[PDB]
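Single-structure report; data block below.
Neighbour counts run over all protein chains shown; Cβ positions are idealised from the backbone, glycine included. Coordinate-derived values only; no laboratory data.
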Amino acid sequence: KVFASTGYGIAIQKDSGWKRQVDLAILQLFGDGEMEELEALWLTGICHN
Amino acid sequence: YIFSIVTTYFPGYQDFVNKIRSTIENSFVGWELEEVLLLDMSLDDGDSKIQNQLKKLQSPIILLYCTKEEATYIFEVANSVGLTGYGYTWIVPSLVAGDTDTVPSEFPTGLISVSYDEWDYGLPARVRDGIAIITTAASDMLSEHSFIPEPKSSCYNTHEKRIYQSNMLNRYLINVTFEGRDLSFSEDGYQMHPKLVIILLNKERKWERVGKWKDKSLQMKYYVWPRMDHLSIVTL
Amino acid sequence: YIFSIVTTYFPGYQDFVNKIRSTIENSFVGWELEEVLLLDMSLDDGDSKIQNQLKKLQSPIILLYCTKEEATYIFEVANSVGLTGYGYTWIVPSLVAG
Amino acid sequence: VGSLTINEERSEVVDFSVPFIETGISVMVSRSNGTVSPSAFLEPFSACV
Amino acid sequence: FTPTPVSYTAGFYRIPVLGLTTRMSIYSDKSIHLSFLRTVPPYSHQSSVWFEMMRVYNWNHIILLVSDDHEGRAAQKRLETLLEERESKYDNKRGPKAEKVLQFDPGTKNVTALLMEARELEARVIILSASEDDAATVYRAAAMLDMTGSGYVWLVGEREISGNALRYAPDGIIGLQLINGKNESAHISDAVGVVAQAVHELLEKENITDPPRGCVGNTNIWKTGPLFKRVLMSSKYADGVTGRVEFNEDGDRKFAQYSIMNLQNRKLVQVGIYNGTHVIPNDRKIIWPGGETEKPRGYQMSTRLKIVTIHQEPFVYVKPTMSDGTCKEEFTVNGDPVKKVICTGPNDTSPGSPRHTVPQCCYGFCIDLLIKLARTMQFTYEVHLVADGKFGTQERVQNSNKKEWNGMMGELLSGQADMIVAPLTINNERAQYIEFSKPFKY
Ligand SMILES: *[C@@H]1O[C@H](CO)[C@@H](O[C@H]2O[C@H](CO)[C@@H](O)[C@H](O)[C@H]2NC(C)=O)[C@H](O)[C@H]1NC(C)=O
Ligand SMILES: *[C@@H]1O[C@H](CO)[C@@H](O)[C@H](O)[C@H]1NC(C)=O
Ligand SMILES: *[C@@H]1O[C@H](CO)[C@@H](O)[C@H](O)[C@H]1NC(C)=O
């Protein structure tokens, strides 16, 4: 129920040869279930509602 | 699991490496692959200039493809990089394993290869198998067609009169099998289900056998692989 | 962060490596150390073992202690293994340094 | 890297990987201290009885 | 195979020999023949001249029609291998890459299934390497099935500018030709000059002590055959009928010279002079087929598309047509008109049962997104559902280690579909086979 559907990301020089690789690897990071652990380390706290 | 591959422009190599790749991307198992290289028989300085990047590639498994002579030379370049310690093996096909009793001192130990040796392929029994193949294929042809061709009048002079049907022999002759053992052939000109052996260059500077293979089954003799800091542990 | 050390029989080395050890273990920073080697340039079949145990070290930083002839020899070998390209910055004291 | 959004004016020159943490304009609310019913005194019995 | 019966004999004992006329590629391998040393570059290499044409005509998109035999096999090998340059650290110039390389079968009298699936592709250049039977059906097909329309650009090898092909030659086709062509005499002098340069160098080693003569008894490879062959193939002179006759890595006539001919509707006429990279057009006007004269851009980017999408309650509803060939209108709570588009669903009846590709108008939410995009980027589309009925995954077919794609992802990577819009996830594994947009609903 949110307004401006966007996302933080990473910024690189135009049309370089790393867009593809960092893309594949960060999608890998999601697919293997780790960002949950990271958000648990910093982003979300304990005060679940 | 497999790692880097080196070869040198010898006729019949792209087929090899493409077979490797096409069968390594078509596997449900967690395969991997490292830097494939390329060589040259032309000159010498660039060889040591490129055959070393593979060394930094911590690839305990290297596949080579060449003939025995440049094989010896590249092996000498390897010993020039050293590479005789524990861990580095080699898996190289038959086209270097020549007459299976000559042992150049260059070849380091552990150099496995697939070969296909008469040491169970008994020349008389194989004559029997071949006569079986040919006669039973002629039989199956008779079963197809109730007539049979005739011997050519001449190897060269019959050409002026070689006016006959088109023989579809291989269309059936490839496919024949009897005497229990099945011997369906291949269209492109070789066998199917070939019986193979595996040799290991023992430190005795010889080789006889380790294990046998057949119909996509690995009947071994060394349930754990030997060595040339390795412990053994047990549980319940 | 310091990594392996190699040298030879040239006299005046025990004190050097003892200095490196004592000053690396009486300091509250998290250093480390790797395979400390020793060579024998007095044998041509040693060059094989030279390349052998030389390969066994993987270290973004290296220390070496010998004289100019042995330096030429070892570096001529190392140009054949890959210790000279990007990253493997060597460090030597001023004994070679003619 | 770092906390950085994604729009057009920034997608002109630099390029952007696939975002990881979502974001958007949202709202913040606060709860309410209890809601005792207005017709409480006729709740706890059915229409039959 | 008229040269073979001697390539074998002196191949035994490995006595080197020299080749003059034939130009097939089989005779080049170092594993089947140790004897050939070729004076006339074989048809294979002539591929590169087309790659050379590409550096001054930029038609980076490209179609190829290899005729299936070892002859064409090598042609495909070489052409495919040409593209591997340009490491790209220059800084990323557009690299010409081969499109769907439609293979062939030599002895065939119907190719209609090939051209429409070729004509409906994205490119406009045709490189056909073939034989003489082949150009017959190729031309008699393309010149009548509405294929030789303007904007079509052709190329052929040296074996299509003659024979019955000319007796069915379409206009404006382009051929290749060596400067010499056939010559039963000129190269003889060249070859004997080679052997001359070889002889007085042979004294430098001369440890051969004989090439073994006589028929019976001397069954042993002459222990200097390969070495003397390296010598002979390493003969460097620069004065015959052609200059600097060289021998390739595999040992073939390196750096010959071509010249790009052309058919003037009844007449072959040279245009340029091809020599390695030296390819310059002479005093003429390169006239292109289909009645045109400008340099035609070999690309024709299409505006149509074919989009597939799945069934899903909150995003794409499905409703049958009416009872006459229509389907019923509807408005919103604010009475707004909601769109509806005709939808050729192959699933009028459920799986576990027959399947019929009846129209069944389908609408939804992503339908609205699509129509919004259409007015924004000048499109036109035809939509249809998924044959299978699942998102799409990986699996193993033949109950073996094979791997391919089911579902809509597979209907796309087949090349059948062209664009996918539906609630499709974005994982890692499915990324390495496809390119994705930005996200549009978390
Ligand atoms: C090849 O030969 C085999 C038999 O050697 C053919 O196999 C079929 O027919 C045989 C006739 O008796 C049966 O014994 C086999 O069981 C049967 N195969 C199976 C799988 O049941 C086979 O069709 C031949 N194929 C070709 C291409 O020639
Ligand atoms: C809600 O109840 C808590 C209970 O202690 C009280 O402290 C607080 O002041 C109340 N706030 C309101 C808005 O009623
Ligand atoms: C072959 O080349 C020679 C050398 O130029 C030339 O004189 C001769 O005419 C050529 N052969 C034919 C048939 O033209």
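Quick look at the numbers
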quantity: Relative contact order computed over chain C (Cα-Cα under 8 Å; 6+ residues apart), in percent; calculated: 36 percent
quantity: Where no second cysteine Cβ lies under 4.7 Å, the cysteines concerned in chain E; calculated: E:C215, E:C366
quantity: FRET efficiency, 1/(1 + (r/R0)^6) with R0 35 Å, evaluated for A:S16 and A:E36 via beta carbons; calculated: 0.70
quantity: Kirkwood Rh and Cα Rg combined as Rg over Rh, evaluated for the range E:332-417; calculated: 1.07
quantity: Cut-off under 5 Å, modelled amide H: who pairs with C:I62 long-range; calculated: C:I91
quantity: Debye-sum result for the range E:32-169 in log10 I(q)/I(0), which assumes one identical scatterer on each alpha carbon, at q = 0.15, 0.18 Å⁻¹; calculated: -0.80, -1.11
quantity: Exceeding the 29 Å Cα-Cα cut-off - candidates A:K19/B:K56; B:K19/B:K195; E:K182/E:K229; calculated: none
quantity: Antiparallel %, DSSP beta bridges [both residues in the range E:306-442], to 5; calculated: 60 percent
quantity: Rg ratio (alpha-carbon, reference 2.2 N^0.38 Å) - the protein assembly as shown; calculated: 1.26
quantity: Antiparallel bridge percentage (DSSP; both residues within the protein assembly as shown; nearest 5); calculated: 50 percent
quantity: Loop-resident sites, the range B:37-144, for chymotrypsin sites (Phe, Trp or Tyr not before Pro), counting at most 14 other Cβ within 10 Å (DSSP); calculated: B:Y86, B:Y116, B:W119, B:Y121
quantity: Calculated FRET efficiency for the pair E:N220/B:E150, C-beta based, R₀ 56 Å, to 0.05; calculated: 0.90
quantity: Label-point gap, in nm, between B:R162 and B:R126 - each point 7 angstrom along Cα→Cβ; calculated: 2.9 nm
quantity: Helical mean residue ellipticity (222 nm; -39500 (n - 2.57) per DSSP H run of 4+; nearest 500) of chain B; calculated: -8000 deg cm²/dmol
quantity: Residues E:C361, A:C47 arranged by fewest to most Cβ contacts within 10 Å; calculated: A:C47, E:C361
quantity: Pairwise centroid distance, computed over Cα atoms, of the range E:20-95 with the range E:136-169, Å; calculated: 21 Å
quantity: Antiparallel bridges, percent of DSSP beta bridges restricted to chain E (to nearest 5); calculated: 50 percent
quantity: Within 10 Å of each Cβ in E:419-430, the average number of Cβ atoms from other chains; calculated: 2
quantity: Theoretical FRET efficiency, 1/(1+(r/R0)^6), r = Cβ-Cβ of B:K206 and C:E35, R0 35 Å, to 0.05; calculated: 0.50
quantity: Residue mean of other protein chain beta carbons inside 10 Å, B:11-17; calculated: 2
quantity: DSSP-assigned coil residues among GluC sites (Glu not before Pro) in the range B:109-192, each with at most 13 further Cβ atoms within 10 Å; calculated: B:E118, B:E179, B:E187
quantity: Label-point separation, B:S27 to B:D215 (7 Å along Cα→Cβ), nm; calculated: 2.4 nm
quantity: Kirkwood Rh, angstrom, chain E [1 / mean 1/r, Cα pairs]; calculated: 27.1 Å
